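Don't worry about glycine lacking a Cβ; one is built from the backbone with ideal geometry, like all the others, and counts go over all protein chains shown. What follows is calculated from the coordinates using simple rules that are stated; it is not laboratory data.
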Amino acid sequence: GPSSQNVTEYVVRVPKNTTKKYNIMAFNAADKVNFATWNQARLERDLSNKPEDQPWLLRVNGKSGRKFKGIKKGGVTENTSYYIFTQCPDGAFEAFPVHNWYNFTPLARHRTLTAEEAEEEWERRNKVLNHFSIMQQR
Amino acid sequence: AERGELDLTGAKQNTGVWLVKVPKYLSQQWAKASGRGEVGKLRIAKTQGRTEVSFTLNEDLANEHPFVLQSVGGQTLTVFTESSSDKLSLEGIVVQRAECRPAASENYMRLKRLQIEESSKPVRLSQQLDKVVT
Amino acid sequence: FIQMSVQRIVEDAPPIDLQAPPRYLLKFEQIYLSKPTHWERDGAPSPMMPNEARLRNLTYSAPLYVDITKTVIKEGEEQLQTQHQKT
Amino acid sequence: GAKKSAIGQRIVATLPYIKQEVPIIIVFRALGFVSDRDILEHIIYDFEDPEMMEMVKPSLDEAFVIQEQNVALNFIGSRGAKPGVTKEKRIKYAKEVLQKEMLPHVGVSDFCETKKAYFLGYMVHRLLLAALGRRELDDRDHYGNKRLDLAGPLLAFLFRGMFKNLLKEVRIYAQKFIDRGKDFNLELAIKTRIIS
Amino acid sequence: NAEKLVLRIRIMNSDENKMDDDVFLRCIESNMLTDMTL
Amino acid sequence: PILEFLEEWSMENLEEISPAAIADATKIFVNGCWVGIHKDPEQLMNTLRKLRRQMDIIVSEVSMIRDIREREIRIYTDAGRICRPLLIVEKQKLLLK
Amino acid sequence: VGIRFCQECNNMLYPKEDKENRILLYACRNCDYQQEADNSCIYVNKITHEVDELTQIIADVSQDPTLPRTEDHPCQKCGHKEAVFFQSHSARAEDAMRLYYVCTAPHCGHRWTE
Ligand SMILES: [Zn+2]
Ligand SMILES: [Zn+2]
């Protein structure tokens, strides 16, 4: 059929400026990220340092859902550029430079041992019993 | 609905986009005018059991760019944008990755050498001074 | 070392920031070297030949100069930038 | 020991400007990799190798208590040569130590933690191969592991120490005059005998 | 007679009837490998 | 110049890769810094060797080492490396004529 | 031997026993998560460790010009006469003199030992 030999060619457009900047969001394969349950999400700068030069914090479904932290790619693309092609009704490809690259990883939520609590366990770090029980006591 | 809410509509539509790695000279030429609305045409040719992607530089822009696809199963990529009006949205999900390579091999290095020399202009070196400073 | 390392060392040095409140900055940019010179008792410079250094027990050394740019801010919406060439 | 020989052999790291070494996994926690899979992905590149996975088990147990990046940073800061007065300052000190002092050749930028984790994992990966006998130990006598400091690099070593003194000296000279209220003469601030 | 020589070991019944039922075997296994003398 | 050329060729940066890809690929080291990974080490070494011999981007004193068993390519550009000139042999023949 | 990671926080799963059912369970720490173990072996170490070197051998070594090449041991997979032979030369063996052969034909990384 036509698909066996289909040839497609589209025009490429590079607008001088866009109101919204384009950046890449990367998720590790092992994360098994699924957007079906992403009913609501929140993306904002971190408050630990306390703006444009700080990491990005991503929250999904409020506190109940998973939380991800994005970090700007340290390696700069001085000799490289990245472009994204998006389908449009006019049928011409549009390329937007990647303003930033962000790597997001899930953050586990639970009663993580505090800094003060970790001090007590440091005494038994060399010799500890029933690693499971340590969390139960906490 | 709030300022920090993310418009995840693009994810719902499962829109697919392509991530392309291109050299600076190709983008530099685009950055030269960057306002004519046209820089070239992307041609994709498919056969019975093989697909090839190539890009052609505009004749006016100049005054062949074969494309190689890459597997995207090892990492999941998504594209999002931040609006100047504080309205973040997700453009779509990356479905394929491609890279651009130079058709020429010998004379292409000549252009790279000029860039390396050009980037060497800020590299300041000590200067011999004929007469002692008085 | 002379052509690259010395210049890189001077360039890589952080600018000197001083606060009084007037603020002072010193930035070193360009490094110059003159030919090995010897200064007589009267203070007249002259090129130093290696044999003369050997005979007169001198050190075969070349003067080193650096271009220093000084910028001063006195919280009066005025900035004065004075450069001392070949310091 | 009863439990000493059960976990096995654990890996520690001796980072600069820290009096005592720290568990290896803690350094990964400080760099921003919390989950075990994320840390092990930087150390073991082939999960199908059971031999490599066992070698890191004792290291994971040692740093089991520390489960957050901030907790790990505080642990690193607590052992710093200059312990912080408060917990917040300890984290800042630990961040600075890893940012610049740890594997500086990998990077010093604020966003180089990922690159430093890969190389640090490579250092661990190289250690495991030596422990597993898969790779031969490096030879100190092998002359491709050596470098020769010629006149240039030797002189460049002196110049930075002597140039730092020059810049320190002008700072001290200028500070006296600035505090006095009078501007300072740049020519007089420079002590030429320092380099000569 | 079997080509493979085997020796199955289990903890006493009285204790079964405090440290850990699983880790203790590793401590025994490591202890018996080196400390024990045949 | 080495890093710029490597990025141009089919070398993936460490940041932009998943760890699952590092198993098959060969690590690329430049002055001891793990720059990235490459899927065709043999072709890269041929290209790297060609550039050095033509003195295009790679200077003569740059040493490229491929550890085939360890799946690592080490490129060294720093000072202090002791080297000697050796005649290149191709197909059991001297390129010197 | 199999190493399992938690599906919630991607942390290590350690063996655990449920007295209610008396079945091995891999329970995540600090995650109140449990999984049904199937291997039934939680720990195994081989002191002799007769691990095959062919698995460790990498087919790319056939491109090494410093390795000797023999035409007297043709590849079984493809019949290529040329082969590159070497010794493991890896610690923990205590006797490393046998030769492992790797086919030199491109795309055929067949490895064998005589
Ligand atoms: Zn878990
Ligand atoms: Zn074969």
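Descriptive notes on the structure:
- Using the alpha carbons alone, the radius of gyration of the stretch G:1-45 stands to its Kirkwood radius in an Rg to Rh ratio of 0.96.
- Chain G - mean residue ellipticity at 222 nm from DSSP helices (-39,500 (n - 2.57) per run, n ≥ 4, rounded to 500): -500 deg cm²/dmol
- Using only side-chain charges placed at the Cβ, +1 for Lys and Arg and -1 for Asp and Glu, the dipole size of the protein assembly as shown relative to its Cα centre rounds to 2080 debye.
- The relative contact order of chain G comes to 16 percent, based on Cα pairs under 8 Å that sit 6 or more residues apart.
- Cα-based equivalent ellipsoid of the protein assembly as shown: semi-axis lengths in Å, sorted from largest, via gyration tensor: 49, 37, 35
- Integer Hz, Karplus 6.51/-1.76/1.60 couplings in order for the stretch F:84-97, x for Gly and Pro: 9, x, 10, 6, 7, 10, 10, 6, 6, 9, 6, 5, 6, 10
- Computed about the Cα centre, the dipole magnitude for chain A is approximately 380 debye when only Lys and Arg (+1) and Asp and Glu (-1) carry charge, each at its Cβ.
- Neighbourhood net charge (9 Å Cβ-Cβ; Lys/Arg +1, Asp/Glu -1) for D:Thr114: +1
- Near the amide H of A:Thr105, within less than 5 Å, lie the amide hydrogens of A:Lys69, all on another chain or at least 5 residues away, with H placed in the peptide plane.
- Shielding of A:32-42 by partner chains, average beta-carbon count, 10 Å: 4
- Mean residue ellipticity (222 nm) of chain F, computed from DSSP H runs ≥ 4 via -39,500 (n - 2.57), nearest 500: -6500 deg cm²/dmol
- Approximating the spin labels as points 7 Å out from Cα along Cα→Cβ, the G:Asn45-to-D:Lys4 distance works out to 1.5 nm.
- Whole-number percent relative contact order across chain D, with pairs defined as alpha carbons under 8 Å at least 6 apart: 18
- Estimated FRET transfer efficiency when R0 is 60 angstrom, pair A:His99-C:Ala53 (beta carbons, to 0.05): 0.50
- The charge dipole of chain F, taken about its Cα centre with unit charges on the Cβ of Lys, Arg, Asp and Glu (plus for the first two, minus for the last two), comes to roughly 820 debye.
- Most fluctuating residue given options G:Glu94, G:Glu82, G:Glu53, as computed from a GNM of chain G linking Cα atoms under 10 Å: G:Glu94
- Take each peptide in D:61-67, D:155-161, count the other Cβ atoms within 10 Å of every residue, and average; sorted highest first, the result is D:61-67, D:155-161.
- Charge tally in the Cβ shell below 14 Å around A:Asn61, where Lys, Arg are +1 and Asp, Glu are -1, A:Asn61 excluded: +4
- Integer Hz, Karplus 6.51/-1.76/1.60 couplings in order for the stretch A:116-126, x for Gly and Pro: 5, 5, 4, 4, 5, 5, 4, 4, 9, 4, 5
- Protection-proxy order for peptides C:74-86, D:99-111, each taking the mean of Cβ atoms within 10 Å per residue, highest first: D:99-111, C:74-86
- This ranking places E:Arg10, A:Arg13, C:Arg8, D:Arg29 by how few other beta-carbon atoms lie within 10 Å of each, fewest first, which gives E:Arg10, A:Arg13, C:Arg8, D:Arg29.
- Ranking of A:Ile134, D:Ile44 by count of other Cβ atoms within 10 Å, fewest first: A:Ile134, D:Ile44
- Per-residue average of Cβ from other chains inside 10 Å of G:52-61: 2
- Taking every residue in F:30-41 and counting other chain Cβ atoms within 10 Å of its Cβ, the average works out to 2.
- 222 nm mean residue ellipticity, helices alone, for chain D (DSSP H n ≥ 4; -39,500 (n - 2.57); rounded to 500): -17000 deg cm²/dmol
- Loop sites here are GluC sites (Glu not before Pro) outside DSSP states H, G, I, E and B with no more than 16 other Cβ atoms within 10 Å. The longest part of chain F free of them is F:1-60.
- Cα-based equivalent ellipsoid, chain D: semi-axes from gyration tensor eigenvalues, Å: 42, 24, 14
- With Rh defined as the Kirkwood radius, the inverse of the mean 1/r over Cα pairs, the Rg/Rh of chain C is 1.16.
- Amide H partners (placed H, <5 Å) of A:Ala92, local residues excluded: none
- Among C:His38, D:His142, G:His49, a tally of other beta-carbon atoms within 10 Å of each Cβ gives an order, fewest to most, of D:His142, G:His49, C:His38.
- Peptide ranges A:103-109, B:6-12 listed from the most packed, as the mean C-beta count within 10 angstrom indicates: A:103-109, B:6-12
- Shown in residue order for the stretch D:169-175 are the 3J(HN,Hα) couplings computed by the Karplus curve 6.51 cos²θ - 1.76 cosθ + 1.60 at θ = phi - 60°: 5, 5, 4, 5, 4, 5, 4 Hz (x for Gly and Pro).
- Amide hydrogen neighbours beyond the local backbone of G:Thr113, cut-off 5 Å, H modeled: G:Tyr101
- Charge tally around F:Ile22: other residues with Cβ under 10 Å, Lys/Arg +1 each, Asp/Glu -1 each, net -2.
- Look at the dipole of chain A built from charges on Cβ: of A:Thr37, A:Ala92, A:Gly75, the Cα furthest out on the positive end belongs to A:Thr37.
- FRET efficiency for B:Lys131 and F:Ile82, using Cβ-Cβ distance with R0 set to 30 Å, rounded to 0.05: 0.15
- Of all DSSP-defined beta bridges confined to chain A, some 70% are antiparallel rather than parallel.
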